[PDB]
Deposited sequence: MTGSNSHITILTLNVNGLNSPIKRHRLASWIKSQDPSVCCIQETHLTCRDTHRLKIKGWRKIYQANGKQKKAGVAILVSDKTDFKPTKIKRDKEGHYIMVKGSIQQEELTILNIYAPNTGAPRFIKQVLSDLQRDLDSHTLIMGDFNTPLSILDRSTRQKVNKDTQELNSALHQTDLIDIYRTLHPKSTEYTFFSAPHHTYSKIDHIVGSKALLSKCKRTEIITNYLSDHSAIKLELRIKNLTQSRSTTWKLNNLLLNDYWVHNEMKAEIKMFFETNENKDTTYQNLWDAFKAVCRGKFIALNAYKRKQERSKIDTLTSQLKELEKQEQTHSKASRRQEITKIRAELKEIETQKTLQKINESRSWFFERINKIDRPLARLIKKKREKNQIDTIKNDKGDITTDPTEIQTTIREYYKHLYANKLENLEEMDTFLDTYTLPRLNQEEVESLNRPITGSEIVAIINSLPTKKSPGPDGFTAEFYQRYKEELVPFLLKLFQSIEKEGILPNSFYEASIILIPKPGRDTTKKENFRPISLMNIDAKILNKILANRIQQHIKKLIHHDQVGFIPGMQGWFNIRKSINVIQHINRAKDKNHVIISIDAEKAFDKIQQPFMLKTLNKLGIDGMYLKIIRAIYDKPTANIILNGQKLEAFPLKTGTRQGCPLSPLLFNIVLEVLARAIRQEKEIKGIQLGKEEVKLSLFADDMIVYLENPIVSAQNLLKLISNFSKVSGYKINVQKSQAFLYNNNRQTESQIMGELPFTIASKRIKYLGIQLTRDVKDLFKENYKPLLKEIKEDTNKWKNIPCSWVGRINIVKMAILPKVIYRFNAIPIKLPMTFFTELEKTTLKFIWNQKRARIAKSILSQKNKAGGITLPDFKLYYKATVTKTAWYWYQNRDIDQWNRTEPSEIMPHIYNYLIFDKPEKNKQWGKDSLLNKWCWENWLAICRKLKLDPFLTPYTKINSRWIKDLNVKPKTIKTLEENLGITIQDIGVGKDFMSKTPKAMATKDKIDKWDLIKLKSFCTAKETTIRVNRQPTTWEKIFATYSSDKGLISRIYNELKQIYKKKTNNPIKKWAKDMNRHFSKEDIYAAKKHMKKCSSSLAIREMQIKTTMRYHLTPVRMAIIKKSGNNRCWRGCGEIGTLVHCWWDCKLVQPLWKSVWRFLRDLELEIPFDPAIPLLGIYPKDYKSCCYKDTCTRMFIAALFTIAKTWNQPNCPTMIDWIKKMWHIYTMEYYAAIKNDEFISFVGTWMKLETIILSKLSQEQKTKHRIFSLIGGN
């Protein structure tokens, strides 16, 4: 990277590239071979410039533990070659699976936006957004080399990609990859299958894959369902954790227990996905033409060569499995797995347990497909046979050994057959789920989730006891090491906590900070902002309060994509959380008992609203669809008129003397609304209290939950407001 920061080398390489490009633009060869020669010449010139600058300045197949340098290379290579060799060929049988189920097609506009030619403005947003300080690819070039040689590379890379779209082939250098072996987290190193194969490609191939990945990500929301939250932008991990906790609670509270929960785990899902099946399901999804023409070309003859201890092992074909490290690979994998997800959802034999008017079948991630069943005796068998069919078609293999399960039955003898038939390893206490121990009983969540947290704190604080750093250094270590772990647990499980937990956590943190000494400066002063002179000592109580109150944003937005908020158990009238934020205070309705996660949010919302001394029941941000105006009889058709004409707030429709008449568009829309509704709305807005409640400047707190339509920094803003208030 130091060589690239030389101005003379910079100018020399610029001149060399210009010369090289304006020397042999003939017609005998193509742009791909020219680009390969370009890369080779640049490598040679870089080697020469570096020289000038320096002048100026495991167990084998039999199980035996072998240490022979040649034998280990021969066995790991054989294992990986056998892993990447089996390629399916029953293309006729593949389409039979697809034709039996429904898939979401794309309209003409979407494919048209998918097949638009690559322009010069679609590469500037990719090269600049390329992460730096990474490892070089097989060629040896770095991302910053493209980043800082941007002024001339773009309008010839444009022609190179033009050639790729027009003809349909890629340079032979775009297929090379490097595989490095890495030890997994918490596994024995003696087994050959315990390593993590990571792959690195060329930077230009990464740029092309990023362009395609963004082009398909613009519609990935329409493509796959909202159950899957892995790699989908705008979705968070706890979306499924909270849902699973709600299902656990519902099963626990049910008097008739005949349910089961299975945490299915795939066995090397990335490396076991058949390329022909992914191509055919991409074709079936309505994607055809230029996009398919290039995607098929990028997976024609992918090769990879392993590197161990700096050895250039010979390459072998990748006949199967999407090459990991590809920005486009997660999208294709999600598309392929969406077929299985929709097959499970559409199947009537698989019966999910109904949560009131909402029915939940299964939850998804990258691989952690957890599925909730009813009457396991036949539902588990149907799921297993469907997964077997999908396995034969596509190669998706499940590691039944690692897959755990929860059995919820009342009869002792009925459980015996269930354990005997299904090969699942039924767990009794805990199942790991994205770092959250899903307790079999809800009442043990605090015991098995936060006490081990505190134990790990008391261990890791013992680990960093002999670091000769400043107290600001220890504060920073706290901030970037211990805070995210607690915030993740709060986000996943924001339940009521006794004050002893916070007291002892604060005690441990303060012992960490002062290094077995007493406080030197006031805690309150250091807890203030940097402008006040403090170093902003974290306040875990405020973070907990912010995390608990964060659910009000999703309450107000009323997004249909999320289903976790509707899974709460309610033996009472239907959904209430929609008409709670900035709505009429409804009486004679007491939540709790059944609730585990939302009632505490409402209590904490009311407490902070009262501390703000502002009215939370009639605000300028009140929705038209609020209960404030449908308590009096109205017609549904009236609301959607001003919803699509003016907006959703109660301020824009009109209050006081501006009832549905404040702008020429509203003046022309006034007669559209029905008169019987108009006489009601008028009278409603004639009241002095309504006018003074609506016509005011909203505070920052209201703007946090109302005007913002993005979650990028909700906890930060809410915690800042809480810190200002408290």
Parts of the chain sequence, as deposited, that carry no C-alpha coordinates in this structure: 1-253, 311-392, 1062-1275
